[PDB]
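Below is one structure, written out as structure tokens, with a few remarks after it.
So you know, we letter chains A, B, ... as the sequences are listed, proteins then strands, and number each from 1. When reading the values below, keep in mind they use all heavy atoms of this one structure, side chains included, and skip hydrogens, waters and symmetry mates.
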There are 2 protein chains.
Amino acid sequence: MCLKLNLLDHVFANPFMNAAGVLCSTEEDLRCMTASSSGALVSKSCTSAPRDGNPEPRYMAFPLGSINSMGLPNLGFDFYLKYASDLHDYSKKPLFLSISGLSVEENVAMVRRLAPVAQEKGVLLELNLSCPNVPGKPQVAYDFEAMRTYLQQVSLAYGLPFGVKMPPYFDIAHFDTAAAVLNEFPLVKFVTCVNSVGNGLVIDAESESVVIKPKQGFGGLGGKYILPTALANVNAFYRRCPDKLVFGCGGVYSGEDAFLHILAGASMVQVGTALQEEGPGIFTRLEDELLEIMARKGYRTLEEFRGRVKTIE
Amino acid sequence: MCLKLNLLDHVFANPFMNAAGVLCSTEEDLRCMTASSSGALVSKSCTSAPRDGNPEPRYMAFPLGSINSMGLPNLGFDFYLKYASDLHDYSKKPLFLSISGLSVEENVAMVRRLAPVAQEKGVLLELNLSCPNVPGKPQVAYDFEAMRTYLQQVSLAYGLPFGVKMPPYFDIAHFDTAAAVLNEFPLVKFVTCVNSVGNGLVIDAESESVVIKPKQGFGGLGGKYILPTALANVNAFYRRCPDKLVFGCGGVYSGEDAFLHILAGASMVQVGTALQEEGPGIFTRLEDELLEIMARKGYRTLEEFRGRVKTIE
Ligand SMILES: Cc1cc2nc3c(=O)[nH]c(=O)nc-3n(C[C@H](O)[C@H](O)[C@H](O)COP(=O)(O)O)c2cc1C
Ligand SMILES: Cc1cc2nc3c(=O)[nH]c(=O)nc-3n(C[C@H](O)[C@H](O)[C@H](O)COP(=O)(O)O)c2cc1C
Ligand SMILES: COc1cccc2ccc(CCc3c(C(=O)O)[nH]c(=O)[nH]c3=O)cc12
Ligand SMILES: COc1cccc2ccc(CCc3c(C(=O)O)[nH]c(=O)[nH]c3=O)cc12
């Protein structure tokens with residue numbers, strides 16, 4: 001009894017991977033994720049140039065989850081491309097590379113360079129649509145016209161199957177509009193739901209202070225706070241995008257939580273906060289726990305229950 | 001050392017009140033809230049006509065919060081207006097009346113008839129800007145043009161100070177836009193942040209089923225899930241609407257949670273899920289807990305620390 005699966009013309013030992021930004025920024029981090037029991041890894045979202053990121057403290061965690069305003073600290077696209085082209089051991093697991101350029105032009109420039117390495121090595125593109133839009137505008141995925149433009153331009157520039165990382169939505173009309181945008185693109189083969197629940201605010205009662213420095217304490221939420229939001233987004237897109245895969249991300253701390261994401265429609269399951277807090281050992285625990293729940297239920301495959309969440313009446 | 005506040009030309013023994021929809025639908029519910037130690041009460045959001053609402057189960061709660069798709073079950077506006085006009089004992093505490101018409105015209109119709117009772121008896125209007133709009137469009141407060149229309153028409157029809165109940169937002173740009181529209185309306189004297197985090201999806205692992213019947217299990221989230229989102233919204237509106245009060249709602253289970261709301265800017269503090277789960281005894285607990293935090297810190301009044309959350313240098 002094993003959790004291996006095939007998706008996107010690649011084979012995966014199991015459905016687990018890190019969430020972009022967690023344990024993926026440096027060569028050391030990518031080596032560590034490659035040595036783990038995860039089924040796959042994704043790199044830190046990158047920009048054309050290297051970035052320091054925001055001032056610290058910029059990440060904090062708590063029993064219910066985490067808040068972050070990292071600000072895209074990363075080693076720059078040239079580094080992640082070199083990792084993909086020369087350093088990653090593809091015999092170990094598949095690699096996804098996440099791109100988050102600060103404009104459409106920057107994303108086009110990066111994807112034009114990724115394509116031959118994708119063809120040659122099989123690295124997979126996850127395009128982060130929480131990439132910053134023009135300042136004073138909402139993030140790109142919350143601006144449907146910008147979202148359509150980015151995908152038009154990337155599709156043209158890249159020319160190969162890719163995926164998109166989405167922020168959560170909270171309104172059924174918005175599910176309908178977003179999914180319709182995505183379904184205009186046939187090259188968009190997976191949709192990762194969700195990025196962090198945007199612009200939360202954690203306050204410490206003892207000190208009377210916010211807990212992160214950037215943005216007056218405001219940052220994206222992850223972890224237990226966001227599991228029902230994550231599940232809703234996974235299912236909403238699973239129902240609306242029948243010709244795409246959905247990748248679940250948000251609130252996974254256990255094999256039960258992974259099971260819920262798969263029931264909702266997830267094909268891979270990404271682990272952010274919990275992985276940041278527990279370290280890469282979490283992947284063996286998650287696999288064990290997911291296999292235990294499967295065995296108790298009599299399920300011998302992921303396909304037997306993916307997307308099979310039951311509704312009432 | 002007291003929790004008492006004087007706002008909107010009323011006196012409140014303490015900041016706590018129910019959140020609209022919890023323990024406020026029937027005469028029995030309103031008498032129970034009136035008998036409690038809460039500093040105020042709000043009625044169930046109402047429609048012109050009495051509504052059966054969405055099929056059951058439509059509310060469920062869990063250790064980290066609740067999900068609901070109630071569907072505005074309510075006794076109809078005439079009932080709540082009679083309660084305000086004839087039944088409520090204003091010597092016990094102030095009353096807010098929440099309205100949630102299904103069109104701008106329905107809201108106008110109700111506020112025209114609430115006005116004279118507001119003027120004579122001092123009932124306070126809370127206008128719910130999550131009232132559903134045209135289906136397939138986003139909820140009113142996620143459609144800024146619709147929001148502006150509603151506020152123009154209700155301001156003209158009512159002609160008295162009122163407040164609004166807002167959904168949460170998740171973008172810095174989005175928060176600014178909400179402030180920009182509300183600040184067009186001088187009669188909007190309070191902003192209640194937040195209504196339920198929309199369209200989440202709770203799934204029971206054992207039964208592999210969603211837990212509420214309407215909308216294929218989708219529903220609004222409250223409780224521990226939503227406290228950092230709530231705080232963010234309170235503080236974002238508190239900073240952007242300096243001539244308005246902000247009332248906090250979301251994730252309050254303890255005096256410590258209330259203290260964080262107040263540090264973020266809240267003047268009243270509303271209690272939804274936790275009151276649904278614990279019952280009205282919660283109010284004496286919250287008062288005692290808030291007073292204990294104030295005593296440890298040497299604060300004698302709420303204005304000492306309201307809006308005084310610290311940022312990092
Ligand atoms: C420290 C940190 C950095 C992150 N950076 C990125 C990023 O570079 N790209 C991205 O797509 N998402 C980023 N995320 C979002 C996560 O990939 C994930 O979508 C979110 O944390 C929710 O998953 P969780 O509940 O498991 O944390 C980051 C999250 C954290 C906590
Ligand atoms: C059962 C239920 C019914 C609700 N009905 C309404 C309503 O009629 N009008 C409204 O403005 N908010 C309604 N809400 C939202 C709450 O007022 C509150 O904004 C939300 O539950 C978050 O607060 P909490 O975290 O304390 O639950 C309802 C919530 C629940 C749980
Ligand atoms: C300049 O880039 C940013 C400034 C401030 C906030 C940011 C939030 C998100 C992002 C995109 C990268 C990312 C980050 C981040 O690097 O902050 N954190 C997340 O949880 N998700 C993400 O997708 C860039 C930001
Ligand atoms: C017909 O009215 C509705 C149908 C389906 C979902 C709805 C959700 C919210 C509302 C507004 C009333 C309300 C409700 C409600 O009555 O469902 N629940 C909340 O958590 N907040 C609210 O403001 C009406 C709905």
Open item on the list: Check the orientation of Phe218(B) and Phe175(A). Use parallel for under 30°, tilted for 30 to 60°, and perpendicular for over 60°.
Closed with: perpendicular
Segment of [X] engaging chain B (4.5 angstrom heavy-atom cut-off):
X	answer
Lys224(A)	both
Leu64(A)	side chain
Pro55(A)	neither
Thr177(A)	neither
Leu221(A)	side chain
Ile293(A)	neither
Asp204(A)	backbone
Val211(A)	backbone
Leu263(A)	side chain
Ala230(A)	neither

Open item on the list: Once rounded to the nearest 0.5 Å, what's the spacing between atom OG1 of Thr229(B) and atom OH of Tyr225(A)?
Closed with: 9.0 Å
Among the listed options [options], the residue most often paired with chain A at heavy-atom distances under 4.5 Å:
options	answer
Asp257(B), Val210(B), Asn233(B)	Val210(B)
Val234(B), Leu231(B), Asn199(B), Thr311(B)	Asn199(B)
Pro138(B), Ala173(B), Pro168(B)	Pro138(B)

Open item on the list: Please identify which of these residues, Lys297(B), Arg296(B), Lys310(B), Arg308(B), meets the salt bridge (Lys or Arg N to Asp or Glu O under 4.0 Å) condition with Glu208(A).
Closed with: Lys297(B)
Task: Side-chain donor/acceptor of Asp171(A) to backbone N/O of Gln139(B), under 3.5 Å - done: yes
TODO: Pick whichever of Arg239(A), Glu206(A), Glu256(A) has the most heavy-atom pairs under 4.5 Å with chain B.
DONE: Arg239(A)
TODO: Measure distances from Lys213(B) to the heavy atoms of chain A and classify the residue's part below 4.5 Å as side chain, backbone, both or neither.
DONE: both
- [ ] Step by step, work out the side-chain contact (heavy atoms from CB on, under 4.5 Å) result for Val309(B) and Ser209(A).
- [x] CA-CA 5 Å; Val309(B) 62; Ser209(A) 178; 5.9 Å; no
Open item on the list: Looking at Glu184(A), I'd like to know if its CD atom is crowded, meaning that more than 12 non-hydrogen atoms belonging to other residues, nucleotides or ligands lie closer than 6.0 Å.
Closed with: yes
Open item on the list: For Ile212(A) and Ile312(B): C-alpha separation, side-chain torsions, deciding distance, then whether side-chain contact (heavy atoms from CB on, under 4.5 Å) applies.
Closed with: CA-CA 7 Å; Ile212(A) 67 174; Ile312(B) 302 175; 5.7 Å; no
Open item on the list: If you define the side chain from C-beta out and look only at heavy atoms, does anything of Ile203(A) sit under 4.5 Å from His261(B)?
Closed with: no
